[PDB]
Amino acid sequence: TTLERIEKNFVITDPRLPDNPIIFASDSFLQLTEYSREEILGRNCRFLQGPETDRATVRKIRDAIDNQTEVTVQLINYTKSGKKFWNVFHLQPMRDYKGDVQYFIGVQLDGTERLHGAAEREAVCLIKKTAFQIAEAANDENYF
């Protein structure tokens, strides 16, 4: 139940810094994407995007960041070696006591296909629970 013990794909970014960089990436995220921490810490997550990534879906994420709201989408992402995967992606802002966004949590559920129906429902339920758990752990450890 510790932040570093959560065995899920996620990053935490700081939108009060230039270009909303990654300030924490989970071990699972590194294994999934094949990047190491000296490669992606302090960088924006958009390195996951590539030729087949749908630009309109990316705009939805952009808008949600600009508006400081949550969002859930499915989109194609790329590992460092350039292999494609489908990503059910959930963005969850982390607000302090007065409602200022301190960080964004980003959770990735990787797969080989875009999901529909009950399988999409399941995936979305899962990543939204994971984001809740991350937010609680980070706060309980005064991690950031």
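Heads up: residue numbers just count along the shown sequence, starting at 1.
Peer 1: Report the stretch with the higher mean CA temperature factor, choosing between 131-139 and 14-22 on the basis of the entry.
Peer 2: For C-alpha atoms only, the mean B-factor is higher in 131-139.
Peer 1: Tell me which stretch has the larger mean Cα B-factor in this entry, 104-112 or 78-86.
Peer 2: That would be 78-86.
Peer 1: Sorting the chain's modelled residues by C-alpha B-factor, tell me whether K60 ends up in the lowest, middle or highest third.
Peer 2: Its C-alpha B-factor belongs to the lowest third of this chain's values.
Peer 1: Lowest, middle or highest third: which one holds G99 when the chain's residues are ordered by CA B-factor from the entry?
Peer 2: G99: CA B-factor falls in the highest third of its chain.
Peer 1: Based on the deposited C-alpha B factors for this chain, I'd like to know if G42 is in the lowest, middle or highest third.
Peer 2: Lowest third.
Peer 1: Comparing against every modelled residue in the chain, figure out the third that the C-alpha B-factor of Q49 lands in (lowest, middle or highest).
Peer 2: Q49: CA B-factor falls in the middle third of its chain.
Peer 1: Splitting the chain's C-alpha B-factors into thirds, which one does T33 fall into?
Peer 2: Lowest third, going by the recorded CA B-factors of the chain.
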